[PDB]
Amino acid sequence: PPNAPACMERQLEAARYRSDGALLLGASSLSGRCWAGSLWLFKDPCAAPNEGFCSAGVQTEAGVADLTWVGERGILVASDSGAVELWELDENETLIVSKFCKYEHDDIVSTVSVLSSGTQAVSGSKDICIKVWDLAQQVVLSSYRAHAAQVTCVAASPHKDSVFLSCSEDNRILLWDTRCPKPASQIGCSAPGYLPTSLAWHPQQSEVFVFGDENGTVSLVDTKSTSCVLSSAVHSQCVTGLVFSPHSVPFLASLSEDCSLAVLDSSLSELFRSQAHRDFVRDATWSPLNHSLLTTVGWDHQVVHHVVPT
């Protein structure tokens, strides 16, 4: 393919499925002479991560820490360079062109999430700052410094254009609402537990979300409540991400640094486990075409397609 990197870096950092079925990939080189990242589009998911069988491809300036779809052709990228990059697919969907590259964070942009309004997105970074972006005008609308440590994960509300979660290494889980004068509101267990690591709203209940900590515990939390609804020790190491299945009654896909993948039910009871990876499991995405498939990428350069018994 044209303008396509000959090879992609070993550490696969993200994997996101588009509505039609194309798989968005994000790899970054964490070792070797060069420390950079790339962006890949795989209309054929079963051909990933082979670079010769990709639909589109481009390599970024620095590494790809976290990415997410912006509609059906935009790719928002959180780079190590302190910049939030937005890349767009051309009409041919064969090239990936850079839209804007705004260096607004002073350290690594660790997490990004597009708000439900589609035109705005929040970005968390190690600079202890959460920024609300305007994808149209390519400008930071607001810069919040409410945490005291590096922002670990930010997650936008499914249907609320002004609500988004955030957690940092200060053991704080902040529920945001830019409609308030003081938008941040510290939630979670009143007793300080282990550091939060991942966040995931429930795809149906606008008040329910899950979060995993550094100790491997996945917790079920309701925002209207102020105490844990339910928790379960799922992994032996830090929980990296949490993804919900697109079912009506959705399952929860948990992935950690223990090189394992787990799928729990609504009661956080284990229904599926996979040690297919040999390194850290970084992302997991459900197929919108077949709701029993779960594509996971890791630093071992594996793109495994898990059959989920549903």
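Residue numbers run from 1 along the displayed sequence. Think of the rigid core as the biggest set of C-alphas that the two forms share within 1.5 Å after superposition.
Two stretches, 103-111 and 180-188, are weighed by how far their CA atoms sit from the shown form in 6 other deposited structures of this protein after rigid core superposition; the farther one is 180-188. As listed in the deposited structure, the average C-alpha B-factor of 170-178 and of 80-88 is greater for 80-88. Mean C-alpha B-factor is higher over 37-45 than over the other stretch, the pair under comparison being 237-245 and 37-45. Residues shown: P196, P158, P183, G71. Highest C-alpha temperature factor in the entry: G71. As recorded in the PDB entry, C228 shows the highest C-alpha B-factor of the residues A148, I108, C228, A200. Annotation for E51: C-alpha temperature factor in the highest third relative to the rest of the modelled chain, per the entry. The deposited CA B-factor of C189 belongs to the highest third of values across its chain. Per-chain ranking of the deposited C-alpha B factor places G26 in the middle third. When the modelled residues of the chain are ordered by C-alpha B-factor, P250 sits in the highest third. Ranked by C-alpha B-factor against the other modelled residues of its chain, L141 falls in the highest third.
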